[PDB]
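Colleague: What follows is a structure written as structure tokens; I'll ask about it next.
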There are 4 protein chains.
Amino acid sequence: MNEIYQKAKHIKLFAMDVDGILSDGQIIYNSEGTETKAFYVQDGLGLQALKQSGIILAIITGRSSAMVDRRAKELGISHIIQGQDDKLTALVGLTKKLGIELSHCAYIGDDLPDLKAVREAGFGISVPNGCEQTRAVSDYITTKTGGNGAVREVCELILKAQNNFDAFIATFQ
Amino acid sequence: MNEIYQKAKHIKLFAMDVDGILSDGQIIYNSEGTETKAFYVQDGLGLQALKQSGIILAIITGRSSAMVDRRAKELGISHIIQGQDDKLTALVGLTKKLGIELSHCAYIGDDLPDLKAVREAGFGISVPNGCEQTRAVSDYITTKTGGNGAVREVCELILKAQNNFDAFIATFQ
Amino acid sequence: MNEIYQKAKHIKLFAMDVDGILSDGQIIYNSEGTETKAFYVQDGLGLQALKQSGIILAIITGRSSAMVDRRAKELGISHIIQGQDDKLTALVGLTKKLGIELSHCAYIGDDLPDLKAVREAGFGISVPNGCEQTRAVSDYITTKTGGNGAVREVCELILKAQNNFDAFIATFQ
Amino acid sequence: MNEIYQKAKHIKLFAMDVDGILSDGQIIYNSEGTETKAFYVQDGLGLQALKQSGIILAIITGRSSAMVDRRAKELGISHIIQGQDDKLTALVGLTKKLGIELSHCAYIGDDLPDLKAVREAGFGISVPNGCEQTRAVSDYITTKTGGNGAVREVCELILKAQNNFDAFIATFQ
């Protein structure tokens with residue numbers, strides 16, 4: 001797992017799928033027409049740390065909600081692409097808007113729409129409950145599951161590849 | 001598990017129970033008289049894929065809610081029978097409305113009201129936390145639990161019996 | 001576990017704790033002052049079956065909510081004691097209102113306020129995540145956990161002690 | 001684990017992190033701009049028992065919500081510090097407001113902002129899913145997880161160090 005650090009070493013943009021990654025994949029509705037989505041605290045600190053080391057954060061999700069916009073604002077996720085199933089076009093599109101190579105993009109997803117972004121990114125990540133064929137195509141599969149530390153895990157991972165992790169920890173000791 | 005593909009081979013209608021199958025069986029209420037129900041993302045893609053291969057989707061649930069109507073609309077579940085505990089009459093009734101044999105119906109349920117629909121369908125499915133006697137009567141018991149990929153699993157299963165799965169995957173590679 | 005059937009044989013009233021028994025013990029609040037509580041479908045069918053065999057159902061909970069009243073109405077839980085921590089006085093009080101002996105009362109609870117009702121009932125039940133000393137005092141500890149089939153399990157148990165279970169199942173075959 | 005009782009023996013203030021400790025770390029939003037947070041019943045009784053033995057309770061959380069204020073009021077958590085990430089300054093600040101030494105403070109947390117409060121408290125606690133470096137620095141790691149009895153466990157622990165537990169149990173037998 002040192003060859004993982006090799007691939008995360010020059011990452012400048014970290015892009016995330018939402019449902020199944022930042023959440024546990026539950027889509028929650030109520031009888032007054034209200035939707036709800038749940039996230040994980042520790043993913044929050046992790047993304048703030050990552051972003052803090054200079055890495056830019058993006059969300060690319062096929063679904064569309066205000067709570068994705070809310071979670072994103074508070075963690076400094078700056079590029080928020082909702083209602084877009086084509087993750088690679090979306091991501092290549094960001095590549096060009098920021099002047100950053102794909103080989104310096106990290107992408108985490110958990111299902112078929114995520115497959116090509118995961119395969120084509122410089123660093124491609126999936127989760128234990130990701131679909132088999134997205135997993136098969138990724139550089140890394142997290143130990144922690146989605147909505148339960150998977151994103152935190154990757155955040156620590158890239159921090160450590162870029163020699164930025166211990167220093168962030170040291171901030172709290 | 002090739003004899004499972006044999007039974008799913010000529011399925012034209014896939015019917016689902018809701019609570020315990022598309023959800024994890026939690027019935028959620030709040031102090032302002034509002035009900036809520038949670039579904040799983042990966043079940044969503046799966047049902048869209050199934051429906052896409054020409055299979056028609058139905059919901060038959062003893063309970064009645066607007067969020068069942070919401071989830072159904074977005075996944076293209078076209079026949080939505082709520083407040084009906086008698087699943088087999090309901091299902092036989094659909095049989096006749098669509099001109100489709102029962103032996104070409106697939107049914108997944110997880111409790112006693114589902115038992116006869118599961119036993120009488122051409123392809124009968126239950127889940128690990130289904131009641132013992134519905135399980136005992138089904139052609140297949142999923143590995144993934146309800147509200148956690150059980151429906152996705154069956155969706156891939158019928159896609160593969162009907163030689164439609166790899167092609168759907170190929171759409172994302 | 002035939003000596004369990006011996007104690008459930010002449011039960012006429014089944015009383016339940018709410019939080020940790022019918023729910024998984026989560027107390028859920030939101031930022032607009034709204035409380036929510038989650039129940040399990042399979043517990044619902046089970047309580048309807050039990051009640052159906054002539055057994056009367058009661059709720060005794062130290063907390064107080066409208067969703068306890070909602071869940072109770074729909075399952076035919078007819079006696080609903082909220083904001084009462086003293087479960088045994090509450091239960092003895094029901095004893096006298098219905099002309100039914102305590103030795104013919106079943107009680108399930110999961111924490112210290114439930115301890116004496118569990119110890120003094122004719123049939124006393126707790127759950128795996130119940131506190132140690134309520135468990136130590138109960139005739140039966142369920143396999144399924146609270147808000148996840150514990151109540152269903154007990155319901156089947158008393159049905160079977162009273163030779164009423166197979167017949168209820170037969171209704172669905 | 002008798003050396004744990006040694007450190008909890010003279011505790012007079014028990015301070016808690018919120019997200020990941022009293023909750024399971026989920027941050028829940030809905031499409032009408034509403035946030036929700038879930039707590040555990042058994043943690044409630046436990047904190048009431050602890051407080052009852054004369055111990056004063058405080059919340060120190062980096063996040064800010066009305067449901068933290070609600071949960072706190074009902075359990076008698078009397079000092080509620082929200083929107084404050086610096087837990088040790090916050091806690092030392094309470095030290096001085098109550099005339100109580102830090103060595104007589106207990107602190108439970110689960111992530112980096114909690115690390116120094118956990119290390120510097122007379123009794124420092126973390127949970128199984130706490131970050132590695134906060135855990136490494138704590139006197140005790142609970143068996144039960146956050147939002148699932150971790151706080152209850154610690155509550156019983158300090159009660160027992162201070163010879164107050166059996167007596168509290170005896171109140172229910």
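Starting from 1 in every chain, residues are counted up; chains themselves are A, B, ... following the order of the structure tokens, and ligands are numbered from 1 as listed.
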Could you fit chain B onto chain A by least squares over every C-alpha atom, paired in order, and give me the moved chain as a compact mmCIF listing (two decimals) with C-alpha atoms, in the first residue's frame?

Modeller:
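Ended up saving to out_4.txt:
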```txt
# COMPACT_ATOMS: atom_id res chain seq x y z
CA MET B 1 0.00 0.00 0.00
CA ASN B 2 2.98 2.26 -0.69
CA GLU B 3 2.14 2.09 -4.41
CA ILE B 4 -1.13 3.77 -3.41
CA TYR B 5 0.82 6.76 -2.01
CA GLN B 6 2.72 6.82 -5.34
CA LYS B 7 -0.55 7.47 -7.22
CA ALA B 8 -1.99 9.98 -4.73
CA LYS B 9 1.33 11.96 -4.59
CA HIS B 10 0.45 14.63 -7.19
CA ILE B 11 -3.37 14.84 -6.78
CA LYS B 12 -4.69 18.42 -6.95
CA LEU B 13 -8.40 17.79 -7.24
CA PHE B 14 -10.40 15.24 -5.29
CA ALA B 15 -13.84 14.49 -6.73
CA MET B 16 -16.55 12.51 -4.96
CA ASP B 17 -19.74 10.73 -5.79
CA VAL B 18 -22.45 11.47 -3.18
CA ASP B 19 -24.93 8.60 -2.63
CA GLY B 20 -23.11 5.58 -1.21
CA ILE B 21 -19.88 7.53 -0.63
CA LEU B 22 -20.61 10.58 1.51
CA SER B 23 -23.89 8.88 2.51
CA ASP B 24 -24.62 5.16 3.12
CA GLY B 25 -26.81 5.10 0.00
CA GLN B 26 -30.17 5.58 1.68
CA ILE B 27 -32.58 7.89 -0.15
CA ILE B 28 -35.07 9.16 2.41
CA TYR B 29 -38.50 10.63 1.70
CA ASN B 30 -41.37 11.75 3.91
CA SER B 31 -45.13 12.13 3.53
CA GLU B 32 -45.02 15.94 3.16
CA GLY B 33 -42.81 15.69 0.05
CA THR B 34 -39.52 16.26 1.90
CA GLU B 35 -36.24 14.47 1.08
CA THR B 36 -33.43 13.92 3.60
CA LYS B 37 -29.80 12.73 3.32
CA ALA B 38 -27.29 11.78 6.05
CA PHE B 39 -23.52 12.40 6.13
CA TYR B 40 -20.69 11.48 8.53
CA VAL B 41 -18.87 13.93 10.86
CA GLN B 42 -15.43 12.39 10.48
CA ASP B 43 -15.68 12.71 6.65
CA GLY B 44 -16.16 16.42 7.35
CA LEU B 45 -12.98 17.03 9.27
CA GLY B 46 -11.14 14.91 6.68
CA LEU B 47 -12.27 16.96 3.70
CA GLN B 48 -11.48 20.20 5.48
CA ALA B 49 -7.94 18.85 6.13
CA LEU B 50 -7.49 17.73 2.51
CA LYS B 51 -8.79 21.05 1.13
CA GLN B 52 -6.54 22.76 3.66
CA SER B 53 -3.41 21.20 2.12
CA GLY B 54 -4.32 22.92 -1.14
CA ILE B 55 -6.44 20.22 -2.74
CA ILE B 56 -9.63 21.37 -4.43
CA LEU B 57 -12.85 19.45 -3.79
CA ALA B 58 -15.69 18.64 -6.17
CA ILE B 59 -19.00 16.73 -5.96
CA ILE B 60 -20.38 14.94 -9.03
CA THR B 61 -23.79 13.32 -8.40
CA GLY B 62 -26.54 12.03 -10.72
CA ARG B 63 -29.14 13.09 -8.14
CA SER B 64 -30.03 16.67 -7.19
CA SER B 65 -30.67 18.08 -3.67
CA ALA B 66 -30.31 21.18 -1.42
CA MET B 67 -28.64 19.13 1.30
CA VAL B 68 -25.79 18.26 -1.08
CA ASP B 69 -25.39 22.05 -1.54
CA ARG B 70 -25.54 22.51 2.29
CA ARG B 71 -22.97 19.82 3.14
CA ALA B 72 -20.71 21.09 0.35
CA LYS B 73 -20.77 24.78 1.49
CA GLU B 74 -19.78 23.93 5.06
CA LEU B 75 -16.83 21.65 4.09
CA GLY B 76 -15.61 23.93 1.31
CA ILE B 77 -16.58 21.61 -1.53
CA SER B 78 -16.38 24.31 -4.20
CA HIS B 79 -17.55 22.63 -7.40
CA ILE B 80 -20.94 20.92 -7.09
CA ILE B 81 -22.26 19.07 -10.13
CA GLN B 82 -25.76 17.67 -9.52
CA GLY B 83 -28.17 15.94 -11.95
CA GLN B 84 -25.25 14.63 -14.01
CA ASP B 85 -24.78 10.88 -14.43
CA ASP B 86 -21.80 11.16 -16.82
CA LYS B 87 -19.04 11.53 -14.24
CA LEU B 88 -16.02 11.42 -16.62
CA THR B 89 -17.29 14.18 -18.95
CA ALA B 90 -18.17 16.18 -15.85
CA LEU B 91 -14.66 15.53 -14.39
CA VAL B 92 -12.77 16.10 -17.67
CA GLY B 93 -14.80 19.34 -17.85
CA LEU B 94 -13.40 20.41 -14.46
CA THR B 95 -9.87 19.40 -15.57
CA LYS B 96 -10.12 22.11 -18.24
CA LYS B 97 -11.79 24.76 -16.09
CA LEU B 98 -8.95 24.59 -13.51
CA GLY B 99 -6.05 23.80 -15.83
CA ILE B 100 -5.39 20.48 -14.08
CA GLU B 101 -4.50 17.12 -15.66
CA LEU B 102 -6.75 14.06 -15.14
CA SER B 103 -3.71 12.11 -13.96
CA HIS B 104 -3.71 14.62 -11.06
CA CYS B 105 -7.42 14.01 -10.35
CA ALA B 106 -8.61 11.61 -7.67
CA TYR B 107 -12.10 10.14 -7.99
CA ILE B 108 -14.16 8.05 -5.58
CA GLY B 109 -17.42 6.37 -6.60
CA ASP B 110 -19.42 3.23 -5.86
CA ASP B 111 -21.56 2.24 -8.87
CA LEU B 112 -21.75 1.95 -12.68
CA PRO B 113 -22.07 5.72 -13.48
CA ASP B 114 -18.79 6.19 -11.55
CA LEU B 115 -16.88 3.41 -13.40
CA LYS B 116 -15.08 5.44 -16.10
CA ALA B 117 -14.19 8.37 -13.82
CA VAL B 118 -12.71 5.78 -11.39
CA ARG B 119 -10.79 3.98 -14.21
CA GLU B 120 -9.52 7.18 -15.93
CA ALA B 121 -8.56 9.31 -12.90
CA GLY B 122 -4.89 9.40 -11.85
CA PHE B 123 -6.13 7.91 -8.53
CA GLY B 124 -9.37 5.82 -8.59
CA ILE B 125 -11.15 4.73 -5.40
CA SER B 126 -14.18 2.62 -4.54
CA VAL B 127 -15.79 1.23 -1.35
CA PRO B 128 -16.59 -2.34 -0.03
CA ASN B 129 -20.28 -2.06 -1.08
CA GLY B 130 -19.44 -0.49 -4.44
CA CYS B 131 -20.57 -2.51 -7.49
CA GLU B 132 -18.09 -5.25 -8.54
CA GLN B 133 -17.07 -3.68 -11.84
CA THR B 134 -16.32 -0.18 -10.48
CA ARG B 135 -14.28 -1.84 -7.71
CA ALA B 136 -12.41 -4.00 -10.26
CA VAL B 137 -11.34 -0.81 -12.02
CA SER B 138 -10.10 1.19 -9.01
CA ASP B 139 -6.60 1.73 -7.57
CA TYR B 140 -7.93 1.54 -4.01
CA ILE B 141 -10.84 0.04 -2.07
CA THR B 142 -11.43 1.61 1.34
CA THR B 143 -11.72 -0.38 4.56
CA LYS B 144 -14.38 1.92 6.05
CA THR B 145 -17.76 1.93 4.25
CA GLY B 146 -19.65 4.86 2.64
CA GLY B 147 -21.24 7.34 5.01
CA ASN B 148 -19.08 5.69 7.69
CA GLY B 149 -15.47 6.93 7.18
CA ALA B 150 -14.68 5.86 3.60
CA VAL B 151 -14.10 9.49 2.60
CA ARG B 152 -12.15 10.23 5.82
CA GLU B 153 -9.90 7.21 5.02
CA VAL B 154 -9.08 8.46 1.51
CA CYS B 155 -8.53 11.98 2.89
CA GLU B 156 -5.90 10.72 5.33
CA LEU B 157 -4.42 8.63 2.47
CA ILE B 158 -3.74 11.57 0.11
CA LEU B 159 -2.61 13.76 3.01
CA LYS B 160 0.00 11.08 3.80
CA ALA B 161 1.12 10.60 0.16
CA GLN B 162 1.74 14.37 0.04
CA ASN B 163 3.55 14.46 3.41
CA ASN B 164 0.78 16.62 4.92
CA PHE B 165 -0.90 14.29 7.40
CA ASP B 166 1.31 14.11 10.49
CA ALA B 167 1.55 17.92 10.35
CA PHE B 168 -2.27 18.20 10.40
CA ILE B 169 -2.45 15.79 13.34
CA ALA B 170 0.31 17.78 15.08
CA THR B 171 -2.06 20.80 14.94
CA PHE B 172 -4.24 18.96 17.47
CA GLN B 173 -1.50 17.76 19.82
```

Colleague: Can you list, as a ChimeraX atom specification, every residue of stretch 42-171 of chain B that DSSP puts in strand (DSSP E)?

Modeller: /B:56-60,79-81,105-108,123-126,140-141

Colleague: Go ahead and write the residues just picked, C-alpha atoms, as a short mmCIF file (atom, residue, chain, number, x, y, z; two decimals), in the first residue's frame.

Modeller:
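Saved as again-v9.cif:
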```cif
data_model
loop_
_atom_site.label_atom_id
_atom_site.label_comp_id
_atom_site.auth_asym_id
_atom_site.auth_seq_id
_atom_site.Cartn_x
_atom_site.Cartn_y
_atom_site.Cartn_z
CA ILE B 56 -42.45 -4.11 -16.34
CA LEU B 57 -42.31 -3.18 -12.66
CA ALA B 58 -45.05 -3.25 -10.04
CA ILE B 59 -45.30 -2.46 -6.30
CA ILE B 60 -47.78 -4.37 -4.11
CA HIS B 79 -48.20 -0.22 -11.35
CA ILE B 80 -48.47 0.79 -7.69
CA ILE B 81 -50.88 -1.17 -5.50
CA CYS B 105 -44.14 -13.10 -13.12
CA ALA B 106 -41.35 -12.63 -10.59
CA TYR B 107 -42.29 -11.72 -7.02
CA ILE B 108 -40.15 -10.68 -4.06
CA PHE B 123 -39.90 -16.88 -9.96
CA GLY B 124 -40.30 -16.39 -6.16
CA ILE B 125 -37.75 -14.47 -4.06
CA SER B 126 -37.28 -13.65 -0.39
CA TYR B 140 -34.29 -17.69 -4.30
CA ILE B 141 -33.06 -16.01 -1.12
#
```

Colleague: I need the residues in chain A that are alpha helix (DSSP H) according to DSSP; give them as JSON, numbers by chain.

Modeller: {"A": [2, 3, 4, 5, 6, 7, 8, 41, 42, 43, 44, 45, 46, 47, 48, 49, 50, 51, 52, 66, 67, 68, 69, 70, 71, 72, 73, 74, 75, 87, 88, 89, 90, 91, 92, 93, 94, 95, 96, 97, 98, 115, 116, 117, 118, 119, 120, 132, 133, 134, 135, 150, 151, 152, 153, 154, 155, 156, 157, 158, 159, 160, 161, 165, 166, 167, 168, 169, 170]}
